[PDB]
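So the structure is just underneath, and the comments pick up after that.
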Amino acid sequence: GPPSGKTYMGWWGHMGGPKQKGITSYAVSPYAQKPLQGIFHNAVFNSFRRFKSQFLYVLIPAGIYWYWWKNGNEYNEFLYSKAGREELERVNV
Amino acid sequence: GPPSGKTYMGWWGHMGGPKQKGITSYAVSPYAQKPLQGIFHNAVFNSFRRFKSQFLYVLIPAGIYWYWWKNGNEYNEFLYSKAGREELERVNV
Amino acid sequence: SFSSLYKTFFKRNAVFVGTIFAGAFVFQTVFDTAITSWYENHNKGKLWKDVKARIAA
Amino acid sequence: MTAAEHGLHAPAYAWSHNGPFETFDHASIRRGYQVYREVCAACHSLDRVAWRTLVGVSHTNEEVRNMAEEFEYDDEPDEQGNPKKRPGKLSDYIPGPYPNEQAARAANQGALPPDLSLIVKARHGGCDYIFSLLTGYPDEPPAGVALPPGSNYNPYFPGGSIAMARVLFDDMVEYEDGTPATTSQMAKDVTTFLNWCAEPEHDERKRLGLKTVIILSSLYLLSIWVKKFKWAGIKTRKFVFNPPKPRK
Amino acid sequence: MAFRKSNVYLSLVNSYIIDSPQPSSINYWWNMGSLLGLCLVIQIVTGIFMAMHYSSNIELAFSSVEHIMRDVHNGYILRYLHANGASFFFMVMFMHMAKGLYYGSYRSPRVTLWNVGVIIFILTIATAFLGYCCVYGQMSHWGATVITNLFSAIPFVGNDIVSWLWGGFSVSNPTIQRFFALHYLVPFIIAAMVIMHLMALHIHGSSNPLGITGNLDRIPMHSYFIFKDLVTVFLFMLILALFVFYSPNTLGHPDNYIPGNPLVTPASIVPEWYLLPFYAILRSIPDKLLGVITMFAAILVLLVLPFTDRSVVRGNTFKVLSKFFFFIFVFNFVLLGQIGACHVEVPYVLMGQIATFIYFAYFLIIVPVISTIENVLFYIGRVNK
Amino acid sequence: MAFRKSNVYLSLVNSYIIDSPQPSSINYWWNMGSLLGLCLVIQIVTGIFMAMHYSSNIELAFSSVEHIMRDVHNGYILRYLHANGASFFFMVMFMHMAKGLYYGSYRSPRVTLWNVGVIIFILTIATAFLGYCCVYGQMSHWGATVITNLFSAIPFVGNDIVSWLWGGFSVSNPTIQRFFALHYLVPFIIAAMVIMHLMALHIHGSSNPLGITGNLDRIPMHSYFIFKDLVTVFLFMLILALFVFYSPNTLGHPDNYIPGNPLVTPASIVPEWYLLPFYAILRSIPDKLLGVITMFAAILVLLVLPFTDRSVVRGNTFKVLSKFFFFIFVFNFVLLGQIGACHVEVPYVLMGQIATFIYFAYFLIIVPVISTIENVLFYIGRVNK
Amino acid sequence: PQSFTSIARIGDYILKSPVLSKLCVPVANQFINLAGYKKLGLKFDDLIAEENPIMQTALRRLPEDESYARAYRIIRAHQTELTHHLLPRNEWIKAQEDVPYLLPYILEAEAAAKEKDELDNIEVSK
Ligand code: HEM
Ligand code: HEM
Ligand code: HEM
Ligand code: HEM
Ligand code: HEM
Ligand SMILES: COc1c(O)c(C)c(C/C=C(\C)CC/C=C(\C)CC/C=C(\C)CC/C=C(\C)CC/C=C(\C)CCC=C(C)C)c(O)c1OC
Ligand SMILES: COc1c(O)c(C)c(C/C=C(\C)CC/C=C(\C)CC/C=C(\C)CC/C=C(\C)CC/C=C(\C)CCC=C(C)C)c(O)c1OC
Ligand SMILES: CCCCCCCCCCCO[C@@H]1O[C@H](CO)[C@@H](O[C@H]2O[C@H](CO)[C@@H](O)[C@H](O)[C@H]2O)[C@H](O)[C@H]1O
Ligand SMILES: O=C1C(O)=C([C@H]2CC[C@H](c3ccc(Cl)cc3)CC2)C(=O)c2ccccc21
Ligand SMILES: O=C1C(O)=C([C@H]2CC[C@H](c3ccc(Cl)cc3)CC2)C(=O)c2ccccc21
């Protein structure tokens, strides 16, 4: 194995990060817990929070886009209708 | 990079070998020599030595094999000739 | 899934690779049994078998 | 696009097979073949369908052997090197009306009647659009629409001018089972038969589809469960911070 | 040490699939490359198995696929899987490329990682196109005419290139036959390339839905993500099962059950969906040479993204103004696609044009602007003076 | 550090082709794997380029190759290169495998290295056979009958396997078509495998025509061997040029310009030369099941070679008794091949039988014997008491 | 890679002008809220991308107990983020906390770099 180029990742025991002191972790065996850890009840009060916190950032842009869609759509059905052939002969040439 | 499995090769400066002391090498630029370093003359006294030192180890086995080849070859041409159809009716069934 | 009804067969170990394949082998017949039935029924009258029935030639 | 160039949208009739659990109506298919045989065969090839393929679906082994041999396919030359005919086998593909592209057009004012074997997929809407173009030849080409010599009007075709004249006229087919040989019953069948023709695998395809999903769904839910289990230590994992005396 | 670590072969297996240290925090978005490798495998298996009954001669071509449909045992399953799968390949790949924009994966040290995926994406379009030209229906013969013809756009030599590339006067027989052969070749090139793609991925490891450093809380891909990835997998197969058995053509164009005909283009030229947004962009340009260029540029521009992102953080996650336009971008891109389906009628053309602008402007203009602003909001939005 | 070392991609390139530390002493024998990789590349390029004009339908098949011959521009060069090249592939590969026996490369730590090449060698026979079945001449249709039929030798299921594998009553059309498709697939498998083969090679590095440790006098593959390898390369192309333009069929069987015919086997069944020594071994056995087994065993037995070599040194180089039988082995193997060409006439059958014995006896008997003796000559041939 | 030295220039200016400052900072304040990040115990200097030399001059330099601090937050971040939740409301970093603890060094180092860049290409007039 020749030299390797330095990066920002290493493997365990030299992962690359800064030198941890102070934190203390605790966990419990996946056997040692309720099957269905926390389902329904209060785990769903979040299925509306994970929603709220973001929806606008999608809806607002989806909105802008879906109304713009509907508009010229309507507008096209018109100028290709009877009631529209007028405007057509003008807009189109 | 995880642990690698030990072998019997490394790269330069850790090639794997034992710890050299005593030898001293010398060489000279490929520019600094006669084009046609040593051709013909006495470089061919070896094209008969590199031959001699081995030929037997090939010839002897090639021999055994080429005479064995020729033999049953002859033998086959016979038993499929006029002069042979006799022996055939016997050897073959 | 009830802790009694499971632990009976398997005590406190998972299924074993071969028992799996065994179940797989069985399941695969038991299933293609059911589903092909429920489907031939759901489409009763419609199957060429049901139509072969009435129709004569 | 003018609604005339587009063609009128065929409506959502409620077919025997529509739905995830619905085999064709084989009785219906059986009818369509007759409606096929007596009516449209006059002009339309059905070349990618083979006699044997009918057996077990619309007919019975001889029933299709009978039909089969009513036609003389080409057959390997005698010992001399001269042609010969022979009846058909179940191994054969239902022969086209015409000997080539040309005579198909000669017999139709220069129109090339589409091979039907794949029609219910080579068109948008398909089953519906097939039904509707067949029960949608109205009496007269709408006020103002001026129709060319040898062309009919259909709202369901694009730009109405279809080179195929109407062909369903009640009862022209003698429905062997004894059903109202109407035009909306002559038609609904050849559609269900032509559906089959382009999608023979159909009833098995939803059969197997059934199995695939039931198993695959269960795996999905099963997989999920498993995941929360193996994650359970990381999910409910909980840290704490205690700053440390400054000496290093 | 353990054997899986020690062995020449199993050490790779371990270090890319078992013992790999992943950020602890990554979510189901990251399951896409996994599901990407799964499609490529579905493509290659079902393809080969189908090729065994395929003929690439311009006559037998269209029929032989019908052969695979009507005759080969499970052959219809072979086709509907190949075809629907190619689509899911493309969806999943967009979602994979999405994820990379949103969390700003394209961003150093991961540039090469990113860049290579742009090469893959290119090769996947090249691949799937050829596989389409191999059905030889209507959409096929005319698809194959236009793509061959993009090369005329090349000054001078351009027509000849096309003639060559055709092997004759038209998209003819020496064409479908090379399109079959090149369809065989290329997927191995993707796989070749997926390997360098995974090598880049490997030396830096995955990012996170937080755009901070992973190196403080890693966990090993086995058994978490191996099991996590298994959830998206089955789900993937389910929807794919759904299409394949129930909606096999709810994703294809009926013009393609019509045998290709070199004299008569249809009058409904909708191309593949995953392709549409480019068809749109192409059309948007009333000039031939420029139009071509702009279509290709629609994909290349993806390479500036690490320079124009001016930010100081990777990720729209803590980025409101960034999120917002990011979904304008997504939604534009979908609209652009709707535009591709509709006729070159009004206002559609002009709508098409505007989206196209929005498209490139997002990489080239919105992003470096917004991100520079967003740096400055981050400063003054706290400090004293 | 330098860039070629630092880059994710160029570091491999460097470490396997530029900066690799080779034993200083290795000779032109070692140029074989290099020249091996070169054939595999010649196979794949010319193959694809030919496939563009090939049809794998049992009708068009034989003709389409004539098409490639009579019509495609440089197409004859495409064929004669594909075909002659496959041969040179096989020669060079034997010489490569030779070299491995003689210098005892198969020998630890290089077992896996060795073993994998046995897999490659198997895949190359599988590959080239299928490529032959794709011409669909006489030798093709009957070659393809017998190999398909080797599977009947399998108890019970054996006939069915063959029926399956045929896709019908005989080597028919669903056969040549799968044989074409599998011919496409497999060479990528060889290449896949060449990579693991080169990985094994890499972690131990090459041996030497002295069977001692390299680690005291290494030099870097660039620029010595890169240039050394270039000498064997051109020379390789020269002889290949010679055949390709002047002796294009001095290596093929004329029965193959005859369109395959399922009713009539010829009466001169000579199979490919690189295959002959196995044809011989196969025939040597008057029992069907056993004969098959022994043919396959003729290749597998190659895997015991690191156990039966009992020696204490790698290499026939300092090994007189070893050299000697090593060339009996080579020469047997060639004779075995001559036997394959001749009719099952006398004494040929009995000669065939004896060679076959000599063959397996060399791995299984001569070698461990001789090498054990040779250990003991090495002891008493010096020491006092 | 828009420069911090450059964000300083712009953001200092805006902070100084009582004109600008009154217009901008309300929004900026509104922004560094909508970000969500102080709800994952994150200070803003935590977020700064590190895979580049300057930040690695700037973390090698960052006082010990300060790095232990960073650390806990960064792990707390990930941990919570993966729990698909937000912290206990009273664990959130509070508006006075979100202080540019890192920014001097980043600036300290940026400065140092731009200097060396210059001093590598310093020309000469005779
Ligand atoms: C069950 C009965 C029949 C059905 C379902 C049927 C169906 C069709 C269909 C689907 C088309 C395709 C047009 C399109 O969708 O673009 C077509 C065209 C045509 N049909 Fe028929 N057909 C039937 C009977 C007949 C008969 C009896 C004749 C003449 C004797 C005929 C002659 C033609 C011709 C000449 C065309 C060409 C029209 C064009 O090019 O637009 N068909 N038919
Ligand atoms: C054959 C197609 C592809 C395969 C098999 C593939 C595979 C993967 C895999 C397995 C990962 C790790 C899991 C994940 O992060 O999603 C990944 C991540 C990534 N991919 Fe791909 N990918 C493909 C397409 C692409 C494309 C088309 C691009 C860009 C145009 C791309 C760029 C990236 C980047 C930048 C990451 C790092 C994401 C992160 O930091 O989490 N990939 N890819
Ligand atoms: C990245 C991998 C691949 C992609 C994206 C891809 C894409 C496609 C597409 C879109 C089609 C037309 C499908 C249809 O509408 O019927 C197709 C057809 C086909 N492909 Fe592939 N393909 C891939 C790999 C392969 C491979 C490895 C083979 C191996 C032989 C293969 C063989 C075929 C064959 C024989 C057809 C014609 C039959 C059919 O259309 O279903 N493909 N491909
Ligand atoms: C695709 C076919 C092959 C390729 C591309 C290939 C490639 C190579 C290369 C490049 C080398 C280094 C140069 C050399 O030592 O010759 C090598 C050596 C070696 N090969 Fe192969 N080879 C192939 C076939 C085989 C086969 C068929 C076997 C055994 C059945 C084998 C076993 C070995 C061994 C044991 C070495 C080490 C030789 C030494 O120590 O010098 N190879 N091979
Ligand atoms: C290890 C690599 C390969 C080997 C050993 C091999 C072997 C062969 C052989 C012995 C033949 C019959 C040649 C003849 O006597 O005419 C053949 C034919 C053929 N091969 Fe390959 N082949 C290889 C790779 C490829 C590849 C990658 C392709 C890609 C399409 C290909 C395509 C063909 C075609 C189309 C033929 C029929 C035309 C001809 O016979 O020359 N081969 N192959
Ligand atoms: C850094 O983070 C990661 C991460 O690294 C990985 C690896 C995964 C897991 C992802 C993967 C394992 C994706 C890997 C993708 C691949 C391996 C794709 C490669 C696929 C190929 C190269 C296809 C090659 C296929 C063949 C050769 C099969 C063909 C063989 C055939 C057809 C034989 C059949 C023929 C006959 C005649 C029977 C993650 O989820 C992840 O996220 C946390
Ligand atoms: C330890 O000692 C060594 C040693 O390690 C090496 C490496 C060498 C040198 C040997 C090598 C470099 C051999 C390497 C062999 C290979 C790399 C073979 C691999 C070849 C492939 C994997 C083939 C793949 C090919 C393709 C994908 C090409 C196909 C592309 C095509 C056909 C495009 C054309 C199509 C169109 C439409 C234009 C030595 O000489 C040596 O001895 C001292
Ligand atoms: C790619 C195609 C894949 C096909 C389908 C694969 C099916 C896989 C079935 C493998 C079953 O493999 C099974 O795994 C279980 C763990 O759940 C193993 O169980 C083992 O560890 C468990 C803990 O998890 C212990 O209780 C038990 O004492 C031990 O034997 C068991 O040895 C093996 O029998
Ligand atoms: O006219 C076209 C056309 O222009 C495309 C388009 C779709 C996008 C293609 C594309 C090629 C390369 C890239 Cl990198 C992206 C998209 C270019 C061809 C089609 O796919 C098509 C299909 C069937 C009939 C006609 C057509
Ligand atoms: O009868 C045979 C025959 O037996 C072989 C033989 C050659 C060696 C083959 C072989 C297969 C597999 C391996 Cl691992 C080695 C050799 C087996 C078939 C042929 O190649 C052949 C070619 C043309 C006509 C007839 C025949």
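For the structure tokens, the naming scheme is as follows: chains receive sequential letters (A, B, ...) according to their order of presentation, residues are indexed from 1 within each chain, and ligands are indexed from 1 in presentation order.
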
Using only C-alpha atoms, select each residue of chain A with any atom at most 12 Å away from an atom of chain D, and give the selection as a PDB file with C-alpha atoms, in the first residue's frame.
```
ATOM      1  CA  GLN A  20     -14.244  13.965  22.537  1.00  0.00           C
ATOM      2  CA  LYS A  21     -14.403  14.639  26.307  1.00  0.00           C
ATOM      3  CA  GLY A  22     -17.401  15.210  28.544  1.00  0.00           C
ATOM      4  CA  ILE A  23     -20.261  13.536  26.717  1.00  0.00           C
ATOM      5  CA  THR A  24     -21.618  10.292  28.264  1.00  0.00           C
ATOM      6  CA  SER A  25     -23.982   8.075  26.278  1.00  0.00           C
ATOM      7  CA  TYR A  26     -26.528   5.506  27.461  1.00  0.00           C
ATOM      8  CA  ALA A  27     -28.649   2.980  25.574  1.00  0.00           C
ATOM      9  CA  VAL A  28     -30.737  -0.114  26.101  1.00  0.00           C
ATOM     10  CA  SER A  29     -31.071  -3.422  24.249  1.00  0.00           C
ATOM     11  CA  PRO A  30     -33.583  -3.537  21.392  1.00  0.00           C
ATOM     12  CA  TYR A  31     -34.782  -6.676  23.176  1.00  0.00           C
ATOM     13  CA  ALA A  32     -35.323  -4.749  26.376  1.00  0.00           C
ATOM     14  CA  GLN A  33     -38.056  -2.463  25.039  1.00  0.00           C
ATOM     15  CA  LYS A  34     -41.747  -2.482  24.176  1.00  0.00           C
ATOM     16  CA  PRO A  35     -42.361  -3.943  20.731  1.00  0.00           C
ATOM     17  CA  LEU A  36     -43.970  -0.849  19.176  1.00  0.00           C
ATOM     18  CA  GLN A  37     -41.710   1.599  21.058  1.00  0.00           C
ATOM     19  CA  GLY A  38     -43.995   4.601  20.709  1.00  0.00           C
ATOM     20  CA  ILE A  39     -46.597   4.294  17.967  1.00  0.00           C
ATOM     21  CA  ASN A  73     -54.291  26.037 -20.010  1.00  0.00           C
ATOM     22  CA  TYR A  75     -56.344  30.404 -22.173  1.00  0.00           C
ATOM     23  CA  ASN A  76     -55.397  27.696 -24.754  1.00  0.00           C
ATOM     24  CA  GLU A  77     -58.753  25.928 -24.690  1.00  0.00           C
ATOM     25  CA  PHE A  78     -60.307  29.313 -25.414  1.00  0.00           C
ATOM     26  CA  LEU A  79     -58.274  30.418 -28.450  1.00  0.00           C
ATOM     27  CA  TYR A  80     -58.861  26.980 -29.963  1.00  0.00           C
ATOM     28  CA  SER A  81     -62.612  27.183 -29.358  1.00  0.00           C
ATOM     29  CA  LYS A  82     -65.291  28.848 -31.484  1.00  0.00           C
ATOM     30  CA  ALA A  83     -65.542  31.773 -29.087  1.00  0.00           C
ATOM     31  CA  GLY A  84     -61.778  32.178 -29.478  1.00  0.00           C
ATOM     32  CA  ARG A  85     -60.761  31.817 -33.154  1.00  0.00           C
ATOM     33  CA  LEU A  88     -56.108  33.317 -32.297  1.00  0.00           C
TER      34      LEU A  88
END
```

- Message: If the cut-off is 12 Å, can you tell me the residues of chain B near chain A, counting only C-alpha atoms? I'd like them as a list in words.
- Response: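 Listed by rising number, the hits are residues 1, 2, 3, 4, 5, 6, 7, 8, 9, 10, 11, 12, 13, 14, 15 and 16 of chain B.
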
Quick one: write out the picked residues with N, CA, C and O atoms as a short mmCIF file (atom, residue, chain, number, x, y, z; two decimals), in the first residue's frame?
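Written output follows (part14.cif):
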```cif
data_model
loop_
_atom_site.label_atom_id
_atom_site.label_comp_id
_atom_site.auth_asym_id
_atom_site.auth_seq_id
_atom_site.Cartn_x
_atom_site.Cartn_y
_atom_site.Cartn_z
N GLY B 1 -9.37 4.20 5.38
CA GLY B 1 -8.73 2.92 5.19
C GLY B 1 -8.67 2.04 6.43
O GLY B 1 -7.92 2.32 7.37
N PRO B 2 -9.48 0.96 6.44
CA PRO B 2 -9.50 -0.06 7.50
C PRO B 2 -8.18 -0.82 7.62
O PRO B 2 -7.25 -0.53 6.85
N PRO B 3 -8.07 -1.77 8.59
CA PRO B 3 -6.85 -2.59 8.58
C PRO B 3 -6.71 -3.39 7.29
O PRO B 3 -7.70 -3.88 6.72
N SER B 4 -5.47 -3.50 6.85
CA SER B 4 -5.12 -4.38 5.74
C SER B 4 -4.46 -5.67 6.27
O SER B 4 -3.76 -5.64 7.29
N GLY B 5 -4.68 -6.78 5.57
CA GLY B 5 -4.05 -8.04 5.95
C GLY B 5 -2.58 -8.11 5.58
O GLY B 5 -2.19 -7.82 4.45
N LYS B 6 -1.75 -8.49 6.55
CA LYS B 6 -0.31 -8.65 6.31
C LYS B 6 0.03 -9.66 5.18
O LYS B 6 -0.61 -10.71 5.00
N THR B 7 1.08 -9.32 4.44
CA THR B 7 1.53 -10.14 3.35
C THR B 7 3.02 -10.24 3.43
O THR B 7 3.62 -10.16 4.51
N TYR B 8 3.63 -10.38 2.27
CA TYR B 8 5.07 -10.49 2.20
C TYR B 8 5.56 -9.45 1.25
O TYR B 8 6.73 -9.49 0.84
N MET B 9 4.67 -8.52 0.87
CA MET B 9 5.09 -7.29 0.20
C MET B 9 4.54 -5.97 0.77
O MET B 9 3.38 -5.86 1.21
N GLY B 10 5.41 -4.97 0.77
CA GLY B 10 5.07 -3.60 1.12
C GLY B 10 5.54 -2.75 -0.06
O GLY B 10 6.00 -3.30 -1.07
N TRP B 11 5.40 -1.43 0.07
CA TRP B 11 5.85 -0.51 -0.97
C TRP B 11 7.24 0.00 -0.56
O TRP B 11 7.65 -0.22 0.58
N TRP B 12 7.94 0.68 -1.46
CA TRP B 12 9.22 1.34 -1.15
C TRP B 12 9.36 1.92 0.27
O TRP B 12 8.40 2.41 0.84
N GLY B 13 10.57 1.85 0.84
CA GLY B 13 10.82 2.21 2.23
C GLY B 13 10.18 1.32 3.31
O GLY B 13 10.34 1.56 4.53
N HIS B 14 9.45 0.31 2.87
CA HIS B 14 8.91 -0.72 3.77
C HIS B 14 8.59 -1.92 2.92
O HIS B 14 7.55 -2.56 3.11
N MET B 15 9.49 -2.20 1.98
CA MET B 15 9.25 -3.24 0.96
C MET B 15 9.00 -4.63 1.57
O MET B 15 8.22 -5.40 1.03
N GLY B 16 9.64 -4.93 2.69
CA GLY B 16 9.33 -6.16 3.38
C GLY B 16 10.59 -6.94 3.71
O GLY B 16 10.66 -7.60 4.75
#
```

How would you report the residues lying within 7 Å of ligand 7, as a CSV table (one decimal) with C-alpha atoms, in the first residue's frame, if you count only C-alpha atoms and all ligand atoms?
```csv
chain,number,residue,atom,x,y,z
E,182,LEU,CA,-24.6,-0.3,-28.3
E,189,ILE,CA,-20.1,1.3,-18.9
F,16,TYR,CA,-0.5,-1.1,-10.8
F,17,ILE,CA,1.2,0.2,-13.9
F,20,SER,CA,4.5,-1.0,-8.9
F,22,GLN,CA,8.6,-5.6,-9.6
F,30,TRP,CA,6.2,-12.6,-17.5
F,31,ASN,CA,5.1,-10.5,-20.5
F,33,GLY,CA,-0.5,-11.4,-18.7
F,34,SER,CA,0.2,-8.1,-20.2
F,36,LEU,CA,-3.3,-11.5,-22.2
F,37,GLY,CA,-5.1,-8.2,-21.3
F,38,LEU,CA,-4.3,-7.0,-24.8
F,40,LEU,CA,-9.2,-9.5,-24.2
F,41,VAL,CA,-9.3,-5.9,-25.4
F,44,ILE,CA,-14.1,-7.0,-27.0
F,45,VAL,CA,-13.5,-4.1,-29.5
F,48,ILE,CA,-18.8,-5.3,-30.6
F,49,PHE,CA,-18.0,-3.6,-33.9
F,191,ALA,CA,-12.8,-8.8,-17.3
F,192,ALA,CA,-14.6,-8.7,-14.0
F,194,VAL,CA,-9.2,-10.4,-14.6
F,198,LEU,CA,-5.0,-8.6,-10.8
F,201,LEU,CA,-1.4,-10.5,-8.1
F,202,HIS,CA,-1.1,-7.1,-6.5
F,205,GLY,CA,3.5,-8.9,-6.4
F,206,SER,CA,5.1,-11.0,-9.2
F,221,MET,CA,7.1,-1.0,-13.7
F,225,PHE,CA,8.5,-3.2,-18.0
F,226,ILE,CA,6.1,-0.8,-19.6
F,229,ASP,CA,6.0,-5.2,-22.4
```

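On the backbone of this structure, DSSP gives helix (DSSP H, G or I) within range 9-74 of chain B to residues 49, 50, 51, 52, 53, 54, 55, 56, 57, 58, 59, 60, 61, 62, 63, 64, 65, 66, 67, 68, 69, 70, 71, 72, 73 and 74 of chain B.
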
Next, the residues of the selection above should be written as a short mmCIF file (atom, residue, chain, number, x, y, z; two decimals), in the first residue's frame with N, CA, C and O atoms.
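Result went into result_36.cif, see below:
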```cif
data_model
loop_
_atom_site.label_atom_id
_atom_site.label_comp_id
_atom_site.auth_asym_id
_atom_site.auth_seq_id
_atom_site.Cartn_x
_atom_site.Cartn_y
_atom_site.Cartn_z
N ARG B 49 25.44 -20.83 -25.19
CA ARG B 49 25.50 -21.22 -23.80
C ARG B 49 24.10 -21.21 -23.19
O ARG B 49 23.70 -22.15 -22.51
N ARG B 50 23.34 -20.15 -23.43
CA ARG B 50 21.96 -20.12 -22.96
C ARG B 50 21.20 -21.25 -23.63
O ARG B 50 20.12 -21.65 -23.19
N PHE B 51 21.78 -21.78 -24.71
CA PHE B 51 21.23 -22.94 -25.38
C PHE B 51 21.69 -24.24 -24.71
O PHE B 51 20.86 -25.05 -24.25
N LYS B 52 23.00 -24.46 -24.72
CA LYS B 52 23.59 -25.68 -24.19
C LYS B 52 22.99 -26.03 -22.83
O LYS B 52 22.54 -27.15 -22.62
N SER B 53 22.96 -25.05 -21.93
CA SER B 53 22.67 -25.31 -20.53
C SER B 53 21.31 -25.96 -20.30
O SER B 53 20.99 -26.33 -19.17
N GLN B 54 20.52 -26.09 -21.36
CA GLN B 54 19.12 -26.47 -21.18
C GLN B 54 18.62 -27.47 -22.22
O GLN B 54 17.90 -28.42 -21.86
N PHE B 55 19.02 -27.27 -23.48
CA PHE B 55 18.50 -28.04 -24.63
C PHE B 55 18.14 -29.51 -24.38
O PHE B 55 17.15 -30.02 -24.91
N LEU B 56 18.94 -30.17 -23.56
CA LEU B 56 18.75 -31.59 -23.27
C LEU B 56 17.42 -31.85 -22.58
O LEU B 56 16.71 -32.83 -22.90
N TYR B 57 17.10 -30.94 -21.65
CA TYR B 57 15.90 -30.97 -20.85
C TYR B 57 14.64 -30.78 -21.70
O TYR B 57 13.53 -31.01 -21.22
N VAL B 58 14.83 -30.31 -22.93
CA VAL B 58 13.74 -30.18 -23.89
C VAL B 58 13.83 -31.25 -24.96
O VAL B 58 12.87 -31.98 -25.21
N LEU B 59 15.00 -31.33 -25.59
CA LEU B 59 15.26 -32.34 -26.63
C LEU B 59 14.96 -33.79 -26.22
O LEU B 59 14.14 -34.46 -26.85
N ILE B 60 15.62 -34.26 -25.16
CA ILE B 60 15.31 -35.58 -24.61
C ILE B 60 13.79 -35.84 -24.48
O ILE B 60 13.29 -36.86 -24.99
N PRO B 61 13.04 -34.93 -23.83
CA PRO B 61 11.59 -35.21 -23.74
C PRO B 61 10.85 -35.07 -25.08
O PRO B 61 9.85 -35.80 -25.32
N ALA B 62 11.32 -34.14 -25.92
CA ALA B 62 10.74 -33.92 -27.25
C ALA B 62 10.99 -35.16 -28.11
O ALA B 62 10.14 -35.57 -28.92
N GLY B 63 12.18 -35.72 -27.93
CA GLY B 63 12.61 -36.94 -28.59
C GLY B 63 11.74 -38.13 -28.28
O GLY B 63 11.03 -38.61 -29.17
N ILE B 64 11.80 -38.59 -27.03
CA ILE B 64 10.85 -39.57 -26.53
C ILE B 64 9.48 -39.37 -27.18
O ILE B 64 8.92 -40.30 -27.77
N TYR B 65 8.98 -38.14 -27.15
CA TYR B 65 7.65 -37.89 -27.68
C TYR B 65 7.56 -37.93 -29.20
O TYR B 65 6.62 -38.51 -29.74
N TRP B 66 8.55 -37.39 -29.90
CA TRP B 66 8.43 -37.39 -31.35
C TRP B 66 8.67 -38.78 -31.98
O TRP B 66 8.09 -39.10 -33.02
N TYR B 67 9.52 -39.60 -31.36
CA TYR B 67 9.68 -40.95 -31.92
C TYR B 67 8.43 -41.80 -31.63
O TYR B 67 8.00 -42.60 -32.48
N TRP B 68 7.85 -41.61 -30.43
CA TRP B 68 6.65 -42.36 -30.08
C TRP B 68 5.57 -41.93 -31.05
O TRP B 68 4.75 -42.73 -31.50
N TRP B 69 5.59 -40.65 -31.41
CA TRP B 69 4.63 -40.19 -32.37
C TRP B 69 4.79 -40.96 -33.69
O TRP B 69 3.86 -41.64 -34.14
N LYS B 70 5.99 -40.88 -34.26
CA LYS B 70 6.27 -41.46 -35.59
C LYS B 70 5.94 -42.95 -35.69
O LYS B 70 5.46 -43.43 -36.72
N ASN B 71 6.20 -43.66 -34.60
CA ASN B 71 6.03 -45.09 -34.55
C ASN B 71 4.61 -45.53 -34.86
O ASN B 71 4.37 -46.10 -35.91
N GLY B 72 3.67 -45.26 -33.95
CA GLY B 72 2.29 -45.69 -34.13
C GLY B 72 1.63 -45.04 -35.34
O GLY B 72 0.57 -45.45 -35.85
N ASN B 73 2.29 -43.98 -35.80
CA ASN B 73 1.86 -43.30 -36.98
C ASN B 73 2.07 -44.23 -38.16
O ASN B 73 1.13 -44.56 -38.89
N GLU B 74 3.33 -44.64 -38.31
CA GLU B 74 3.75 -45.67 -39.26
C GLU B 74 2.85 -46.87 -39.10
O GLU B 74 2.16 -47.27 -40.05
#
```
